[PDB]
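*Asks:* Got a structure for you, questions after.
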């Protein structure tokens with residue numbers, strides 16, 4: 001495979017001095033274009049992306065309104081955080097006051113923040129709501145239904 | 001096979017006097033490089049090494065911080081001694097005071113010391129922690145639980 | 001004269017590209033809520049937490065230790081024996097997070113995955129401690 005590439009490279013005509021410099025400039029322009037391309041998270045309508053990074057520390061200042069906001073590769077990892085709502089529902093079998101097994105459902109509408117995207121995105125994970133809601137709902141229902149009769 | 005090697009060696013051109021000395025110098029440099037190479041253990045991140053020793057006993061004094069420390073070849077195989085933590089878990093069924101069988105678990109977090117690595121590794125081998133934890137854990141559990149009813 | 005100028009331009013461009021590559025490899029922005037730390041052998045991960053600004057790494061020492069210093073909830077179930085000795089299943093949610101400053105030490109001893117080594121042990125031992133003293 002490498003032999004074919006070498007032969008093709010050699011077969012390129014040895015044009016005047018200007019053509020090589022033009023090719024070098026074109027390659028540089030393409031690289032710069034790719035670098036600039038990555039550099040703004042096109043977070044979908046009604047979404048956000050705080051910066052995602054690793055930076056020997058992490059500064060929670062540059063928090064970033066809809067769409068157009070300023071990333072870089074491995075400097076700003078984005079992930080398109082949906083500040084638009086995402087709902088939830090959780091149930092609970094409680095030993096009620098009469099010790100009757102009370103199965104109560106509970107639809108929790110927890111949404112993600114924009115200028116405090118951090119705690120969400122990384123350590124709560126992209127799956128923040130899943131990590132958060134289930135057993136808090138369970139505690140709620142069991143505590144309050146052990147407090148309430150049928 | 002040897003005949004082919006002899007023919008290849010003979011086929012090497014008999015050039016001026018200088019390239020022979022140059023080849024000798026290159027061979028010596030390569031040998032020195034390999035000798036240096038074997039002599040610095042890359043005891044992995046967070047690990048350690050004593051001088052695993054083949055002379056003068058195993059001097060239990062020249063112990064080696066993580067990473068940047070030096071093995072002698074054929075006098076120093078610093079197999080990678082993991083001073084980092086490797087957890088453990090040990091259980092025990094005991095006859096409680098009422099002669100009732102009771103299962104008791106106990107997860108231990110035991111680590112080796114860096115500046116007593118010499119006998120830790122020599123004496124207690126690479127697998128110090130496995131050679132150590134179980135019997136003490138079981139002695140403790142049974143001696144304390146035979147005392148403790150169920 | 002033109003050929004020399006073109007050669008110098010190409011050499012300068014190559015040098016600029018190399019310098020930019022090095023700078024980018026050492027650099028990475030301000031998210032919120034990690035605090036990575038210089039991962040150095042001589043001292044072990046540098047005792048200093050590397051500050052929350054866009055605070056860098058020098059090459060190859062700080063394998064980005066993504067000290068995700070934000071918060072995570074962790075649910076530990078315990079099948080605890082109550083006073084009447086009824087096997088009660090109790091699931092405890094512990095919200096938790098690491099400490100900014102001592103992320104160096106945290107990696108020298110444990111590593112990036114500090115959290116999972118701890119929460120289950122304390123939580124199980126302690127829910128047992130508690131609900132053992134308590135009835136079904």
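Recorded method for this deposit: electron microscopy, 22.0 Å.
A Cβ is built for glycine as well, from the same backbone N, Cα and C atoms used for every other residue.
Found this in Swiss-Prot, in case it helps:
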type    : residues : note
MOD_RES : C:2      : N-acetylalanine
MOD_RES : C:91     : phosphothreonine
MOD_RES : C:128    : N6-acetyllysine
*Asks:* Roughly how many Å separate the Cα of residue C:128 (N6-acetyllysine) from that of residue C:91 (phosphothreonine), to the nearest whole number?
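*Replies:* About 12 Å separate the Cα atoms of these two residues.
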*Asks:* If I take the alpha carbons of the residue listed as 'N-acetylalanine' and the residue listed as 'phosphothreonine', what is the distance between them in whole Å?
*Replies:* 77
*Asks:* Might you list, by sequence position, any residue in that chain lying six or more from the residue listed as 'phosphothreonine' with a Cβ less than 8 Å away from its Cβ?
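*Replies:* In sequence order, the residues whose Cβ lies under 8 Å from that of the residue listed as 'phosphothreonine' (at least 6 apart) are C:75, C:76, C:77, C:78.
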*Asks:* Tell me the Cβ neighbour count for the residue listed as 'N-acetylalanine', meaning other Cβ atoms within 10 Å of its Cβ, over all protein chains shown.
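*Replies:* Other Cβ atoms found within 10 Å: 9.
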*Asks:* Tell me, how many other CB atoms lie within 10 A of the CB of the residue listed as 'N6-acetyllysine', whichever protein chain they belong to?
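*Replies:* The Cβ of the residue listed as 'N6-acetyllysine' has 15 Cβ neighbours within 10 Å.
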